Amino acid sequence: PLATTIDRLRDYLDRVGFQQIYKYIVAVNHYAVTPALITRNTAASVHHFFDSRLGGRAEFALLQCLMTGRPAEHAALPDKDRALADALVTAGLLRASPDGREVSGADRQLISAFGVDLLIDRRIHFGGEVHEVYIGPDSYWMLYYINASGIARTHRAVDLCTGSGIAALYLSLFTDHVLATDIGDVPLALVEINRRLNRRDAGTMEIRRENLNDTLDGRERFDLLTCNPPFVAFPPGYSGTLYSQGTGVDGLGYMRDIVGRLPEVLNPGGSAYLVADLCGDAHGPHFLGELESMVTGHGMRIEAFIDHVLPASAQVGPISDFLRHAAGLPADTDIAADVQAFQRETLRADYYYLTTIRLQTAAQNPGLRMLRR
């Protein structure tokens, strides 16, 4: 039943040109920048666009339920859309009002990214409950740097720590062989939905419940790898979330795990694309110093694209707020002092550098290249 409901959702999105509507609303100079475009802060302007520039047409009513959560009167939905709305309510992907007279948003927000149609966790952009599936601008910038024209239909690709599935689904635009992995129940259920929503199935995209270190140890070899792993370092004693908290003393343990196995897991000449918000000093991120061992030790070419720089002081608030909300802590806990001390003493973080890293084995021009503006 869920698979049929997603097929009917796909049909609706095609019928009313969802991806084109989304692309027009956000425009080409924002579409690939961030998924945080339609949010609680911009929803009223989205509604005004549908009401005034699209004339309030009923064929777009269900679409707005999915995009912003806006209510639509059940009886005002066109007949085909109405039955689909009922199926989405049954699936928990939309809500009905208590009297059943309207349909509105649940916890899933419909966006488009990199040519794919994607349900994401609505709580990241709306409302006040902590989200359970991550997506963000780092997700996008990882994909931005992939040279799509170099992907062959027979290339074997893996998206580790797939989350919503965005990177795996992007790769599936080009290759017929994609593996997508995660260990969280909630993201695994969501990438199943998003795979079907883009007319993929197990014939070209495998979804696997598997720890990233277990995939990295395995004998499967890949031509292309993507991974946006948990990479944030929180002070000792604080609980984070599955998608946020990195391993190791400085949160970069998973990045180390991946990089160390790339000479074995990648076929010769294969490429990995990673992204992380990396601690550093004024010169650059500390992690890049660890990568010279891969240039010399394995002849790799490693390119680091630094696309955002923030002083560590500008992250104290966001980190502290996230920790307070995730664990349900009260407002008299001095989290900010703990974060500041941890940044200074353990991370040596004067700055955070949002960095996409491309790593290629068996490079003809080996070396480390760090790009900063």
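The numbering used is simple: start at 1 and walk along the sequence shown.
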Could you settle it for me: does 241-249 or 165-173 have the higher average Cα B factor in the PDB entry? 241-249
For the higher mean C-alpha B factor in the entry, choose 289-297 or 126-134. 126-134
Going by the entry, which of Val275, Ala106, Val178, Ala113 has the most elevated CA B factor? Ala113
Based on the PDB record, which member of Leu62, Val46, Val26, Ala327 exhibits the highest Cα temperature factor? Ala327
For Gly269, the third of its chain by CA B-factor is the highest
Tertile call for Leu119 (CA temperature factor, within chain, third-based) is the lowest
Within-chain third of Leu188 by Cα B-factor, per the entry: lowest
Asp11 - which third its CA temperature factor falls in, relative to the rest of the chain: lowest
Would the CA B-factor of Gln364 place it in the lowest, middle or highest third of its chain? highest
